[PDB]
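Asks: Structure incoming, see below.
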Amino acid sequence: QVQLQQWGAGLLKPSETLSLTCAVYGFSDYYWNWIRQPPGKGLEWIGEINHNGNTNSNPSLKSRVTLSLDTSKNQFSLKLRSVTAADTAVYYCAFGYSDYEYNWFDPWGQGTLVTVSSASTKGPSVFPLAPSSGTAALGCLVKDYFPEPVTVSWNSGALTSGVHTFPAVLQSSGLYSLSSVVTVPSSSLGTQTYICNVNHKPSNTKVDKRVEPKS
Amino acid sequence: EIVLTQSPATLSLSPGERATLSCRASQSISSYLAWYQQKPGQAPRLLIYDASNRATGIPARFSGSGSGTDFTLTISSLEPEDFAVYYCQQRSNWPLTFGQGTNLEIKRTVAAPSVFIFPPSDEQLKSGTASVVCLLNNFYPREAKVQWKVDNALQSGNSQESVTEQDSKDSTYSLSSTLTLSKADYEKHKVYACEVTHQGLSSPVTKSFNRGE
Amino acid sequence: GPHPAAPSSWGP
């Protein structure tokens, strides 16, 4: 019975200092670790403070790191200085420990997505992907939003079968773009109404776009 | 640093088959290797520590062996719950390092993609940009190629793709490619075409439109 | 040590 919580500001501009904190609620030999995972990539270890006070950092982070542990609050935290876009990743806290009987555990936290970019928060434009003239495909193009993430459903949730919402792509403009599609019986195009519900919580934008056949 | 090399990159199997995953370390780490499982949208989950011990509650069909440099993870009979990405990690010496990961995917019958082309919306054109989207739906294996042709000319450097995770129900992948042109460039050409190749197609599938439908 | 980072409950 151990529970992890992590918090910290996730939207940063280049050269600012990332600061994350992790707390444990609920054992004597423990191993606090930070790991990060850029989108679509593998795991990269950041640093560890253990119960003996050993403190080590990934050498690739080039002395930009500070680790610290407030043992009163049980709060493990991370500082990463002079961030560039290369530091955009989900940051995980991991609390390794063993219990009263030498069983080992390593729960990981939920992760903080940190986006390092000079771009500024901006909600999306939503454009229809209109079905052509036994199966029909239609969609929504969620274009030019920052930062991640966006959520999309169809018909307020009544339509789930055949929905594909794609990983966003980051455009050279620094803004994200994303498409969400659903395949649907073509027999339904003249009677069934199709609406994509887009929510971009970072900007409190919420768009409901109707997608119709063209002509 | 200690470099961990996992193999294979992708393992394509069906439930009930045996799965063997390898993690080789660049120098001896004794038995101080751990294996983690990660599903899309979730944090990694510890499976095996110290080369051979299951974490509490991990099913017995998960087995780890190895000591020194060569390590092996064996899932003796796969369940639908086991398909995910597997990482090894070493805890011999700092810095702690991970393998690149092995993806364990469901092997299904090959399905050729269904291809659909969407021209840019009237509304997006008012903005001054044209996004042409091409959809490759529900195919297997994951490798598919999209080729854009504007006025029958091969395009390069003006498209972006992304591919979904393996579908939970039919075990296929889908792909979305966006060709972006300025409004002006878009109206300087007539024929827009999306050309698809895949192991399930014996010849390319083309979907096209001529601007002005 | 030869394996300084190993958690104490690991190994012999």
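Chains: A, B, ... in order of the structure tokens. Residues: from 1 per chain. Ligands: from 1, in order shown.
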Taking a cut-off of 8 Å and counting only C-alpha atoms, can you build a table that, for each residue of chain A near chain B, reports the nearest atom pair and how far apart they are in Å (one decimal), sorted by chain then residue number, as JSON lines?
Replies:
{"residue": "A:42", "atom": "CA", "partner": "B:100", "partner_atom": "CA", "distance": 5.9}
{"residue": "A:43", "atom": "CA", "partner": "B:98", "partner_atom": "CA", "distance": 6.6}
{"residue": "A:44", "atom": "CA", "partner": "B:98", "partner_atom": "CA", "distance": 7.1}
{"residue": "A:45", "atom": "CA", "partner": "B:97", "partner_atom": "CA", "distance": 6.3}
{"residue": "A:47", "atom": "CA", "partner": "B:95", "partner_atom": "CA", "distance": 7.7}
{"residue": "A:56", "atom": "CA", "partner": "B:94", "partner_atom": "CA", "distance": 6.8}
{"residue": "A:57", "atom": "CA", "partner": "B:95", "partner_atom": "CA", "distance": 6.8}
{"residue": "A:58", "atom": "CA", "partner": "B:95", "partner_atom": "CA", "distance": 5.6}
{"residue": "A:59", "atom": "CA", "partner": "B:95", "partner_atom": "CA", "distance": 7.4}
{"residue": "A:92", "atom": "CA", "partner": "B:43", "partner_atom": "CA", "distance": 7.6}
{"residue": "A:103", "atom": "CA", "partner": "B:55", "partner_atom": "CA", "distance": 7.6}
{"residue": "A:104", "atom": "CA", "partner": "B:55", "partner_atom": "CA", "distance": 6.8}
{"residue": "A:105", "atom": "CA", "partner": "B:55", "partner_atom": "CA", "distance": 6.8}
{"residue": "A:106", "atom": "CA", "partner": "B:46", "partner_atom": "CA", "distance": 6.3}
{"residue": "A:107", "atom": "CA", "partner": "B:45", "partner_atom": "CA", "distance": 7.0}
{"residue": "A:108", "atom": "CA", "partner": "B:43", "partner_atom": "CA", "distance": 6.3}
{"residue": "A:109", "atom": "CA", "partner": "B:43", "partner_atom": "CA", "distance": 7.0}
{"residue": "A:110", "atom": "CA", "partner": "B:43", "partner_atom": "CA", "distance": 6.1}
{"residue": "A:111", "atom": "CA", "partner": "B:43", "partner_atom": "CA", "distance": 7.3}
{"residue": "A:127", "atom": "CA", "partner": "B:121", "partner_atom": "CA", "distance": 6.4}
{"residue": "A:128", "atom": "CA", "partner": "B:121", "partner_atom": "CA", "distance": 6.3}
{"residue": "A:129", "atom": "CA", "partner": "B:118", "partner_atom": "CA", "distance": 5.9}
{"residue": "A:130", "atom": "CA", "partner": "B:118", "partner_atom": "CA", "distance": 6.7}
{"residue": "A:131", "atom": "CA", "partner": "B:118", "partner_atom": "CA", "distance": 7.7}
{"residue": "A:132", "atom": "CA", "partner": "B:118", "partner_atom": "CA", "distance": 7.8}
{"residue": "A:137", "atom": "CA", "partner": "B:116", "partner_atom": "CA", "distance": 7.0}
{"residue": "A:164", "atom": "CA", "partner": "B:164", "partner_atom": "CA", "distance": 7.3}
{"residue": "A:165", "atom": "CA", "partner": "B:164", "partner_atom": "CA", "distance": 7.5}
{"residue": "A:166", "atom": "CA", "partner": "B:164", "partner_atom": "CA", "distance": 5.6}
{"residue": "A:167", "atom": "CA", "partner": "B:162", "partner_atom": "CA", "distance": 5.9}
{"residue": "A:168", "atom": "CA", "partner": "B:162", "partner_atom": "CA", "distance": 7.2}
{"residue": "A:169", "atom": "CA", "partner": "B:160", "partner_atom": "CA", "distance": 6.9}
{"residue": "A:179", "atom": "CA", "partner": "B:176", "partner_atom": "CA", "distance": 7.2}
Asks: Compile the residues of chain C that lie within 9 Å of chain A, evaluated using only C-alpha atoms, and express the compilation as a short mmCIF file (atom, residue, chain, number, x, y, z; two decimals) with N, CA and C atoms, in the first residue's frame.
Replies:
data_model
loop_
_atom_site.label_atom_id
_atom_site.label_comp_id
_atom_site.auth_asym_id
_atom_site.auth_seq_id
_atom_site.Cartn_x
_atom_site.Cartn_y
_atom_site.Cartn_z
N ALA C 5 25.02 0.67 -7.42
CA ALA C 5 23.65 1.15 -7.57
C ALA C 5 22.60 0.10 -7.21
N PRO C 7 19.92 -2.01 -5.58
CA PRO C 7 19.13 -2.00 -4.34
C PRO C 7 19.58 -3.11 -3.39
N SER C 8 19.50 -2.82 -2.09
CA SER C 8 20.05 -3.73 -1.08
C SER C 8 19.34 -5.07 -1.04
N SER C 9 18.07 -5.13 -1.44
CA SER C 9 17.40 -6.42 -1.37
C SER C 9 17.73 -7.32 -2.55
N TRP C 10 18.37 -6.78 -3.58
CA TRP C 10 18.82 -7.57 -4.72
C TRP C 10 20.14 -8.28 -4.39
#
Asks: Extract the full set of strand (DSSP E or B) residues from segment 130-179 of chain B according to DSSP on the backbone, and format it as JSON, numbers by chain.
Replies: {"B": [130, 131, 132, 133, 134, 135, 136, 137, 138, 139, 140, 144, 145, 146, 147, 148, 149, 150, 153, 154, 159, 160, 161, 162, 163, 173, 174, 175, 176, 177, 178, 179]}
Asks: State, in Å with one decimal place, the distance from atom CA of residue 210 of chain B to atom CA of residue 128 of chain B.
Replies: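 Atom CA of residue 128 of chain B lies 18.9 Å from atom CA of residue 210 of chain B.
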Asks: Residues of chain B within 6 Å of chain C, counting only C-alpha atoms - could you list those as an MDAnalysis selection string?
Replies: chainID B and resid 50 91:93
Asks: Between atom CA of residue 194 of chain A and atom CA of residue 171 of chain B, what is the distance, to one decimal in Å?
Replies: 25.3 Å
Asks: I'd like the neighbourhood of residue 147 of chain B as number ranges by chain, where a residue qualifies if any of its atoms comes within 9 Å (using only C-alpha atoms), though same-chain residues fewer than 6 positions away should be ignored.
Replies: B: 154-156, 193-197
Asks: In Å, how far is it from atom CA of residue 57 of chain B to atom CA of residue 1 of chain A?
Replies: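 Atom-to-atom, atom CA of residue 57 of chain B to atom CA of residue 1 of chain A, that is 13.3 Å.
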Asks: Nearest to residue 125 of chain A: which of A:2, A:152, A:46, A:198 is it, counting only C-alpha atoms?
Replies: A:198
